[PDB]
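Shown here is one chain on its own, the form deposited in one PDB entry, set out as structure tokens.
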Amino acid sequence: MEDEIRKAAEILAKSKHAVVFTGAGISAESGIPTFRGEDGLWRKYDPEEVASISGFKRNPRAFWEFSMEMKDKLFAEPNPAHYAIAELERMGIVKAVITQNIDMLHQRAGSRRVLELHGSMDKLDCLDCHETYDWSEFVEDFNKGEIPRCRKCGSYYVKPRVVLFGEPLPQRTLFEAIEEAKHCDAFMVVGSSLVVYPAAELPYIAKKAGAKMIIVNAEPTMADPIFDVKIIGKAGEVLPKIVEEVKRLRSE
């Protein structure tokens, strides 16, 4: 059973307002590659021109062609980990999910409260005429290698609602996440290296507030010491185990 998974369930089974923070690691088992080798990535492309709002206004194609070359799974679906977290919310334990991912796999899995720190691929906006579109109107053409283009004014500046270099983090969502970390009674990290703000700081904020800390990651992080329970392994495998044990403790 492993003492780690049991204690995690022991903690969750006792909390009425738990919060889950997730990073790229929770979507690896869905087919979406993590941020591994980001250093090298910036050796092939100028981050300023292909991934900043400034480079986007200067030439939209750089961003889109850059995305086409790197984006792998466009029709990925939530894996067991996402569902486990949605089941936890239905059970009255998890009250919120804070994620850095832009894949929306938490919502598609049933989570009702998802705070997206880096935005998402849900919608796009034409910067010239202000038409808005759902990612679904372009997905197929994009997978065929076609740069999205406004169907109303024909502009090529159709920007997705994700945070790019040079623009601020969504303040109000960030505000809600921090408040979340301050009043939760259990804070669990899943698939995040916790290296950069806000991922790197939210755990410490919840820790100061008195929350019980749990982490499930494939590799250790520098924040591991503050966690009450830390599990090494895959989210898609560990999460469903924890939920089962919580149900067992509940019905007993």
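C-alpha atoms forming the largest set that superposes within 1.5 Å between two forms make up the rigid core. Residue positions are given as counts along the sequence shown, with the first one as 1.
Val190: gap in at least one third of other compared structures: Counting only entries that model residues on both sides, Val190 is resolved in every one of them.
Coordinates absent for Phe227 in a third or more of other entries: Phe227: modelled in every other compared entry.
Do the C-alpha atoms of 217-225 or of 198-206 have the higher average B factor in the entry? Averaging CA B-factors over each stretch, the winner is 217-225.
Comparing 66-74 with 51-59, which stretch shows the greater average C-alpha B-factor in the deposited entry? The recorded data point to 66-74.
I'd like to know which of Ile85, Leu164, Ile102, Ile147 has the highest C-alpha temperature factor in the PDB entry. Answer for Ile85, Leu164, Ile102, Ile147: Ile147, with the highest C-alpha B-factor.
Highest Cα B-factor in the deposition, which of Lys182, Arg90, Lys159, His118? Checking the PDB record, the top C-alpha B-factor among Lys182, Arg90, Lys159, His118 is at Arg90.
Lowest, middle or highest third: where is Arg108 by Cα B-factor in its chain? As the PDB entry reports it, the C-alpha B-factor of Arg108 lands in the middle third of its chain.
Lowest, middle or highest third of the chain for the C-alpha temperature factor of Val139? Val139: CA B-factor falls in the highest third of its chain.
Based on the entry's values, in what third of the chain does the Cα temperature factor of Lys152 lie: lowest, middle or highest? For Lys152, the deposited C-alpha B-factor lands in the highest third.
Hey, what third does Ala186 fall into on Cα B-factor, ranked over its chain? It falls in the bottom third of the chain.
Third of the chain's Cα B-factor distribution that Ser27 belongs to, per the entry: Middle third by C-alpha B-factor.
If you look for the form deposited in another entry, you will not find it shown, but the lines that follow are about it.
Let me spell it out: fit the two forms on their rigid core, measure each listed C-alpha, and pick the one of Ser193, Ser30, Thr34, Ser52 that moves 2 Å or more between the shown form and the other one. Which is it? With the rigid core fitted, the residue that moves is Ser52.
Honestly, after the rigid core fit, is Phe66 moving at least 2 Å at Cα between the shown form and the other one? Yes, shifts by 2 Å or more.
Once the core is superposed between the shown form and the other one, does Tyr83 show a C-alpha displacement of at least 2 Å? No; that C-alpha moves by less than 2 Å between the shown form and the other one.
Once the core is superposed between the shown form and the other one, does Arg172 show a C-alpha displacement of at least 2 Å? Not so; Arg172 is displaced by less than 2 Å.
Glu77 to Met68, Cα distance in the other entry relative to here: closer or farther, by 3 Å or more? Compared with this form, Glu77 and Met68 lie closer in the other entry.
Given that the distance between the C-alpha atoms of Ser67 and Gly31 changes by 3 Å or more in the other entry, do they end up closer or farther than here? Those two alpha carbons end up closer in the other entry.
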